[PDB]
Asks: 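Please find one structure pasted underneath; my questions will follow.
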Amino acid sequence: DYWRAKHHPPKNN
Amino acid sequence: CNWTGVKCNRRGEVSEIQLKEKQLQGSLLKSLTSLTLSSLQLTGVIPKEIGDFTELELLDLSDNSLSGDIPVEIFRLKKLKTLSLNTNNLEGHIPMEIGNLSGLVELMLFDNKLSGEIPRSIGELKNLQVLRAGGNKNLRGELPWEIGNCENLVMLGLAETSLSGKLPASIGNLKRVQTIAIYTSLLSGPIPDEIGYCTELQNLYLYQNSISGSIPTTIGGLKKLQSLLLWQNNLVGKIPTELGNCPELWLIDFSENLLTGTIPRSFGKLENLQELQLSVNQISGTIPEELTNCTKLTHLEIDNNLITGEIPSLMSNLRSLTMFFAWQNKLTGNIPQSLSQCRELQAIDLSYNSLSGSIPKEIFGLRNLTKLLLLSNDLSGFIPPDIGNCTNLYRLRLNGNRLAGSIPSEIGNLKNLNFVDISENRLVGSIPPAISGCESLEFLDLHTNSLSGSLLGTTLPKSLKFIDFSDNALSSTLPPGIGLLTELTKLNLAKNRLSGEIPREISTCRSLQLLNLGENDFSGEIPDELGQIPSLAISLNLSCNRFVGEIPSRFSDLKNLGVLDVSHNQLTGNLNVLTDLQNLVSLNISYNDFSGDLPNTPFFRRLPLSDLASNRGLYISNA
Ligand SMILES: *[C@@H]1O[C@H](CO)[C@@H](O[C@@H]2O[C@H](CO)[C@@H](O)[C@H](O)[C@H]2NC(C)=O)[C@H](O)[C@H]1NC(C)=O
Ligand SMILES: *[C@@H]1O[C@H](CO)[C@@H](O)[C@H](O)[C@H]1NC(C)=O
Ligand SMILES: *[C@@H]1O[C@H](CO)[C@@H](O)[C@H](O)[C@H]1NC(C)=O
């Protein structure tokens with residue numbers, strides 16, 4: 001199944 | 001007649017069949033109207049006799065295993081309103097004859113094996129409301145121009161397909177469309193300006209394509225716009241000021257594009273904005289103070305950009321902020337204490353900036369802050385004792401700053417603190433015994449500081465996995481209590497003033513993969529129990545010390561050791577004990593008193609002649 005709408009994943013240090 | 005799943009007309013003829021989730025197998029009354037065979041785990045092709053039921057207004061074959069083509073005969077059903085074929089193995093093209101189903105409203109093709117292009121015929125379907133063909137990897141070509149003729153379209157999604165090229169200006173004719181979802185596709189070229197003609201647009205999802213050009217200004221005239229996801233494209237130019245004219249906009253994600261210019265002031269007018277992601281772009285300028293007017297912001301991610309100036313104190317007006325990421329920018333000035341007025345903050349990352357001054361103690365009064373990441377700045381002053389007030393602190397990184405003074409005892413009040421990196425700072429004094437109180441502590445990196453004094457096993461929590469105290473002034477003896485940390489994986493004490501023997505209690509660290517004792521004053525004889533740790537795998541570095549005597553015979557047991565450096569010691573005798581480690585990769589034996597012959601095996605032949613030349617008697621003997 002294709003993925004539902006998502007935002008850009010946040011990246012932290 | 002009356003049985004379960006059957007429905008009949010008033011004239012007594014079967015009008016409906018509905019079967020949902022019965023767990024079956026295999027393949028599959030001219031008055032029929034609605035036919036649902038769904039979630040039955042059926043297989044085989046769709047029989048083309050389906051095109052014989054002329055009164056069918058609903059066909060739902062969804063959530064099965066069906067394969068083969070979508071038979072052209074299916075489009076003989078002139079009264080069809082819903083066609084639900086989604087979630088199957090269906091292959092082939094979508095036939096042109098699809099334009100024949102004059103009254104189609106719902107069309108669900110998603111999650112199949114479909115291919116080819118989308119027929120120019122879709123333009124004929126003027127009652128079409130919802131078209132969802134997404135999740136077909138091989139559905140290709142441009143979205144047809146004729147899509148503009150479906151003027152009742154409220155929902156279009158083509159996501160996770162090979163749909164390519166540029167969206168046609170025709171799209172501006174869909175005056176009723178609400179969601180456009182085409183993401184993780186092959187789209188390229190610019191977003192057409194005509195999109196501003198879609199007066200009812202609410203959700204626009206174009207992320208993970210090759211879309212180029214600039215975000216059209218016309219998008220500001222869309223008054224119903226709520227969510228905009230354009231992340232991970234090639235977008236260029238400045239963020240349109242006119243975006244601040246959409247009152248209903250709660251989510252903006254432009255992350256990972258080529259955007260330049262400034263974060264526009266008009267954003268202050270967005271009273272519904274909860275989430276702003278600009279991460280990974282070229283945005284210059286300073287964070288405009290009017291952004292602090294957005295009362296509802298929970299998530300602000302501006303990291304990896306060109307932003308300069310100071311973080312505004314009016315940040316305190318964002319009372320719902322849970323997440324603030326500005327890392328990797330040109331920010332300068334103090335971190336504002338007023339940031340402590342956003343009481344919901346879960347995560348702060350300001351790393352990789354020019355921030356300077358003290359870390360304001362108020363930030364440590366946040367009861368929900370799990371992540372505090374300030375690494376690589378110009379910060380200085382003390383770590384405030386208030387650090388112990390920050391009850392949920394999990395990951396703390398202060399490393400790569402000018403921090404001075406000593407690590408405050410109150411850090412020991414943090415029971416959730418998992419990971420702490422204070423390396424590369426000016427910290428002085430002892431490691432405080434109270435750190436024994438951090439019962440969750442796993443990663444501890446203090447390297448490259450001015451720390452000194454002694455080292456007690458009582459001072460460290462037994463849940464420790466990674467320890468790096470290297471490049472400090474630490475002294476006296478490695479405490480026997482070191483044996484109590486049974487979880488310890490990597491241990492690095494190098495470049496200190498430590499002395500005495502290696503305590504045999506070292507053998508009870510059953511998990512230890514890496515041990516670096518390099519560049520200290522250690523002396524005496526390398527204990528036999530140091531062989532006694534078969535987990536030692538990654539490296540063992542004993543070099544630049546005063547060790548004497550031979551390599552203890554037990555070193556033949558470390559069958560997993562990949563790297564071994566004993567160099568620059570007073571070690572004697574031969575290397576025979578090592579001839580049997582087939583997993584030994586790097587061996588530095590230089591600057592010792594070793595003597596004797598090495599075998600001609602390829603590994604010992606590998607050793608540089610200059611490494612042999614710094615010893616007493618070492619040579620290759622030919623067998
Ligand atoms: C961390 O906790 C301490 C201790 O409760 C706070 O310190 C006190 O603050 C009150 C006023 O808020 C004063 O009446 C007390 O005299 C202070 N007590 C001590 C022992 O210093 C401290 O302000 C908290 N820190 C933060 C940043 O919220
Ligand atoms: C072992 O420690 C010395 C002294 O700190 C260091 O310079 C050397 O690079 C280390 N050996 C390895 C294999 O990294
Ligand atoms: C010993 O040799 C290894 C491998 O060449 C090297 O990485 C390490 O830095 C050397 N150690 C010292 C003390 O120079």
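Lettering follows sequence order; numbering is per chain, from 1. FYI, side chains are in, hydrogens and waters are out, and symmetry mates aren't considered; it's all heavy atoms of this structure.
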Asks: Are any non-hydrogen side-chain atoms of B/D303 and B/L278 less than 4.5 angstrom apart?
Replies: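 They are not in contact (no side-chain heavy atoms under 4.5 Å apart), so the answer is no.
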
Asks: First locate atom CD of B/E200, then atom CG of B/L174, and finally report the distance between them rounded to the nearest 0.5 Å.
Replies: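 It is 12.0 Å, given to the nearest 0.5 Å.
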
Asks: What's the spacing between B/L109 CG and B/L139 CG if we round to 0.5 Å?
Replies: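 If I round to the nearest 0.5 Å, the distance is 8.5 Å.
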
Asks: Is the closest side-chain donor-acceptor distance between B/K371 and A/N12 under 3.5 Å?
Replies: yes

Asks: Are more than 12 heavy atoms, taken from residues, nucleotides or ligands other than B/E289, located less than 6.0 Å from that residue's CD atom?
Replies: yes

Asks: Are there over 12 heavy-atom neighbours, none belonging to B/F443, within less than 6.0 Å of that residue's CZ?
Replies: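 Yes.
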
Asks: Side chains of B/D63 and B/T87: do they bring a donor and an acceptor to under 3.5 Å?
Replies: no

Asks: Please walk me through it: do B/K126 and B/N152 pass side-chain hydrogen bond (donor to acceptor under 3.5 Å, both in side chains)?
Replies: CA-CA 7 Å; B/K126 291 207 157 38; B/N152 284 8; over 6 Å; no

Asks: Measuring only between side-chain heavy atoms, which start at C-beta, is B/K223 closer than 4.5 Å to B/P247?
Replies: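 B/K223 reaches B/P247 side chain to side chain.
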
Asks: Which value, rounded to the nearest 0.5 Å, describes the distance between B/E301 atom CD and B/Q277 atom CD?
Replies: 4.0 Å

Asks: How far apart are the C-alpha atoms of B/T199 and B/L222, what are their side-chain angles, what is the distance that settles it, and do they pass the side chain to side chain contact (heavy atoms under 4.5 Å, CB included) test?
Replies: CA-CA 6 Å; B/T199 124; B/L222 298 176; 5.9 Å; no

Asks: So, B/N392 side chain and B/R367 main chain: donor-acceptor pair closer than 3.5 Å or not?
Replies: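 Flag set: sc B/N392 to bb B/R367 pair under 3.5 Å.
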
Asks: Give me the atom names and distance for the closest heavy-atom approach of B/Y352 to A/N13.
Replies: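 Residues B/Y352 and A/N13, closest heavy atoms: CE1-OD1, 3.4 Å.
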
Asks: Do the side chain of B/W145 and the main chain of B/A169 share a donor and acceptor less than 3.5 angstrom apart?
Replies: no

Asks: Can you find a pair of side-chain heavy atoms, one from B/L441 and one from B/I435, that are under 4.5 Å apart?
Replies: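 Of all side-chain heavy-atom pairs linking B/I435 with B/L441, at least one is under 4.5 Å.
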
Asks: Output yes when a side-chain donor or acceptor of B/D386 lies under 3.5 Å from a complementary backbone atom of B/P384, and no otherwise.
Replies: no

Asks: Hey, is the main chain of B/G261 close enough, under 3.5 Å, to the side chain of B/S284 for a donor-acceptor pair?
Replies: yes

Asks: Looking at B/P432 and B/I407, what are the two nearest heavy atoms and their distance?
Replies: CG-O, 3.3 Å

Asks: Between the side chains of B/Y394 and B/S440, is a donor N or O closer than 3.5 angstrom to an acceptor N or O?
Replies: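 No pair is found: no donor N or O on one side chain lies under 3.5 Å from an acceptor on the other.
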
Asks: Without hydrogens or angle criteria, can the side chains of B/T184 and B/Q208 be said to hold a donor-acceptor pair below 3.5 Å?
Replies: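 There is such a pair between these side chains.
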
Asks: Is there a donor-acceptor contact under 3.5 Å from the side chain of B/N304 to the main chain of B/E256?
Replies: no

Asks: B/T370 side chain to B/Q346 main-chain N or O, any donor-acceptor pair under 3.5 Å?
Replies: yes

Asks: Is it true that B/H93 and B/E117 share a donor-acceptor pair across their side chains at a distance under 3.5 Å?
Replies: no

Asks: Main chain of B/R402, side chain of B/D378: is a donor-acceptor contact present, judged purely on distance under 3.5 Å?
Replies: no

Asks: Nearest 0.5 angstrom please: B/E310 CD to B/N334 CG, how far?
Replies: 7.0 Å

Asks: Between the side chains of B/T241 and B/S266, does any donor sit under 3.5 Å from an acceptor?
Replies: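 Their side chains do not contain a donor-acceptor pair, so the 3.5 Å distance test is not met.
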
Asks: Applying side-chain contact (heavy atoms from CB on, under 4.5 Å) between A/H8 and each of B/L230, B/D253, B/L229, report the one that passes.
Replies: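 Going through B/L230, B/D253, B/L229 one by one, the side-chain contact (heavy atoms from CB on, under 4.5 Å) with A/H8 is satisfied by B/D253 alone.
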
Asks: Using distance alone, with no hydrogens and no angle criterion, decide if B/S84 and B/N86 have a side-chain donor and acceptor under 3.5 Å apart.
Replies: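 Per modelled atom types, B/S84 and B/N86 side chains form a pair under 3.5 Å.
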
Asks: Verify side chain to side chain contact (heavy atoms under 4.5 Å, CB included) between B/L270 and B/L243, making sure each step is shown before the conclusion.
Replies: CA-CA 9 Å; B/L270 299 172; B/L243 269 179; 5.7 Å; no

Asks: Within a radius of less than 6.0 Å around NZ of A/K11, do more than 12 heavy atoms belonging to other residues, nucleotides or ligands occur?
Replies: no

Asks: Regarding B/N245 and B/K269, do their side chains bring together a donor and an acceptor under 3.5 Å, going by distance alone?
Replies: yes

Asks: Looking only at heavy atoms, which two atoms of B/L258 and B/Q282 are closest? And how far apart?
Replies: CD2-NE2, 3.7 Å

Asks: Would you sort out whether B/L259 and B/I239 count as a side chain to side chain contact (heavy atoms under 4.5 Å, CB included), showing the intermediate values?
Replies: CA-CA 7 Å; B/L259 306 170; B/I239 302 174; 4.2 Å; yes

Asks: Which heavy atom of B/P336 sits nearest to which heavy atom of B/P312, and what is that distance?
Replies: CG-O, 4.3 Å

Asks: State, yes or no, whether a side-chain contact exists between B/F466 and B/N492 at a heavy-atom distance under 4.5 Å.
Replies: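 Side chain of B/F466 against side chain of B/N492, heavy atoms only: no contact under 4.5 Å found.
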
Asks: One pair to check against side chain to side chain contact (heavy atoms under 4.5 Å, CB included): B/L167 and B/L143. What are the steps and the verdict?
Replies: CA-CA 6 Å; B/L167 290 183; B/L143 178 64; 4.2 Å; yes

Asks: Is it the case that the side chain of B/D471 and the backbone of B/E424 share a donor-acceptor pair, with hydrogens and angles ignored and the cut-off at 3.5 Å?
Replies: no

Asks: Taking atom CG of B/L396 and atom CG of B/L375, what is their separation to the nearest 0.5 Å?
Replies: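 B/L396 CG to B/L375 CG: 10.0 Å, rounded to 0.5 Å.
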
Asks: Taking the side chain as everything from C-beta on, heavy atoms only, tell me whether B/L163 gets closer than 4.5 Å to B/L186.
Replies: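 With C-beta onward as the side chain, the pair stays apart.
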
Asks: Look up atom CG in B/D111 and atom CZ in B/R132, then write down how far apart they are to the nearest 0.5 Å.
Replies: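 It comes to 8.5 Å.
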
Asks: Answer whether the closest heavy-atom distance between the side chains of B/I219 and B/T217 falls below 4.5 Å.
Replies: no

Asks: Where is the tightest heavy-atom contact between B/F325 and B/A347, given as atom of each residue plus distance?
Replies: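 Looks like CE1-CB, 3.8 Å.
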
Asks: Answer yes or no: is there a side-chain heavy-atom contact under 4.5 Å between B/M315 and B/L321?
Replies: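 With C-beta onward as the side chain, the pair touches.
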
Asks: Strictly by modelled atom types, are B/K330 and B/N353 linked by a side-chain donor-acceptor pair under 3.5 Å?
Replies: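 Side-chain D/A pair, B/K330 to B/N353: absent.
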
Asks: Of B/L372, B/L414, B/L369, which is the lone residue that meets side-chain contact (heavy atoms from CB on, under 4.5 Å) with B/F364?
Replies: B/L372

Asks: Is it the case that the side chain of B/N281 and the backbone of B/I302 share a donor-acceptor pair, with hydrogens and angles ignored and the cut-off at 3.5 Å?
Replies: no

Asks: Tell me whether the NZ or CZ atom of B/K175 lies within the 45° cone about the ring axis of B/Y197 and under 6.0 Å from its centre.
Replies: yes

Asks: Cut-off 3.5 Å, side chains only: do B/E442 and B/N418 have a donor facing an acceptor?
Replies: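 Per modelled atom types, B/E442 and B/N418 side chains form a pair under 3.5 Å.
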
Asks: Assign the ring pair B/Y183 / A/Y2 to parallel, tilted or perpendicular, where the plane angle (0 to 90°) is split at 30° and 60°.
Replies: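 The rings of B/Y183 and A/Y2 sit tilted, inter-plane angle from 30° to 60°.
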
Asks: Are the side chain of B/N449 and the backbone of B/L451 linked by a donor-acceptor contact shorter than 3.5 Å?
Replies: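 Checking the backbone N and O of B/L451 against the side chain of B/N449, no donor-acceptor pair under 3.5 Å is found.
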
Asks: How about B/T322 and B/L345: do any of their side-chain heavy atoms sit closer than 4.5 Å?
Replies: no

Asks: List the atom of B/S351, the atom of B/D349, and the distance in Å for their closest heavy-atom pair.
Replies: OG-OD1, 2.5 Å

